[PDB]
């Protein structure tokens, strides 16, 4: 943390953050969500990290160079250490990225190494070459060298993500699945795990071996797993929570902006809220059904009337303000809602649905007051605009993500937040073989458009290709875009260091500080 001259620090430097739900895991290779990544940034540090404004900056790597955007060499700081005092080396990264690539690990982020195009990843994922063939090597204890199969100019931007953080081989090997328990875990970020009580709290304590420990200010941070946004706000306003999670309650938000304006932080965020359609399951493998659902949803009602928190109606998967995004708005988005509804009803009548044999299916969402309120509105809108019946179903976060990976679903509430600010952080997730492809969407045409983006060495051609990839997605109605998020949360006046300037919201508690109050 960089505490401003003249600010007074509180005697006690402790922080309580709500984190939305119980994490899937603390293992960097078994996670894919925001709540998971919130805790991972405090415990595990990769080659680069985001600075307080979100720019990719030195992490374990203090400096790096690239040869033709294909061979990247990272010079690791001599004093990077794990929490047991042993050195963080380039061999740690070698073992780590191989473990990420290995199909036996089953990471939901195995494909992150495809997105960066590390050499031999496709074969490794396919079981054809062992994970040891991956294009990574330690040229020495403090030098990590990555070889890609094509030039990727934005490659380093990917490296702040938890899936490319190191994991400690000895704890992993020795304790297997229990390596992340507090008595076993070893970490290299600014914090260490102190306590982990499932469905109660996660408590982290400063890691004194962290290389930048002298600038760390908060000695302890607790992450809570509260999925009720109302409860989160209540415990924030009672004094227990210093920073809510960034899901705000429909019940209280308008009142909060009028009551504690200075505390309600609202900033740009690179995430899209949509309904994920299970593209491989009838009748959702029919484009007319997906197009109907997409068109009959009234974004104006949902965004402006039912939510009303500053979100923007969405017509694409990649947020239009992502760096490099130059998207074309489909004509349906400028049509009337009435005109959307007729087209929709027309398509469903064409797909064979009547009044007598209507379309009925499940709407799966992760336990939350906000998602429940939004699914109820969407269910009534779909019912009135299109005659479809939906059965709402909630599942705890971890179970919800697993259900979507398994494909044991019809439609699900969904939200993707960028991992790096470039259109492929979204688009690569709809690739046929992506491990992040929970829409279970498979389009040869869509895959070819994205593969083409690294064949050209031009950014204009590249943006035009991302634009057409978004048009292929929309044409197929792979999803139902609903709105582009804003990052809205409550933060106490004594919490310093949070700018709200990072559109990825990659917060590190090592950057925060408690002002005396």
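Residue numbers count along the first chain shown, from 1. We call the rigid core the largest set of C-alpha positions that still match within 1.5 Å between the two forms.
- Message: Which segment is farther from the shown form on average in 8 other deposited structures of this protein after a rigid core fit, 419-427 or 299-307, going by CA atoms?
- Response: Higher root mean square deviation of C-alphas in 8 other deposited structures of this protein is shown by 299-307.
- Positional deviation of Cα atoms in 8 other deposited structures of this protein after core superposition, greater for 324-332 or 122-130: Stretch with the higher C-alpha RMS distance in 8 other deposited structures of this protein: 324-332.
- Item | Residue stretch of maximal mean CA temperature factor, 419-427 vs 100-108 | The stretch with the larger mean CA B-factor is 100-108.
- Query: So which stretch wins on mean C-alpha B-factor, 270-278 or 439-447?
  - Reply: Comparing 270-278 with 439-447, the higher mean C-alpha B-factor belongs to 439-447.
- Using the entry's values, work out which of 285, 238, 394, 163 has the largest Cα B factor. The record points to 285.
- Can you pull the Cα B-factors for 290, 77, 340, 137 from the entry and say which is highest? Highest C-alpha B-factor among the listed residues goes to 340.
- Message: Among the modelled residues of this chain, does the Cα B factor of residue 473 put it in the lowest, middle or highest third?
- Response: As the PDB entry reports it, the C-alpha B-factor of residue 473 lands in the middle third of its chain.
- Task: Using the B-factor values recorded in the entry, state whether the Cα atom of residue 400 falls in the lowest, middle or highest third among the modelled residues of its chain.
- Result: Residue 400: CA B-factor falls in the lowest third of its chain.
- Query: If you rank every modelled residue in this chain by C-alpha B factor, which third holds residue 148: lowest, middle or highest?
  - Reply: For residue 148, the deposited C-alpha B-factor lands in the middle third.
- Task: Quick one: classify residue 459 as lowest, middle or highest third of the chain based on its Cα B-factor.
- Result: Within its chain, residue 459 is a highest-third residue by C-alpha B-factor, going by the deposited values.
- Query: Which third of the chain holds residue 119 when residues are ordered by C-alpha B factor: lowest, middle or highest?
  - Reply: Answer is middle: the recorded C-alpha B-factor places it there.
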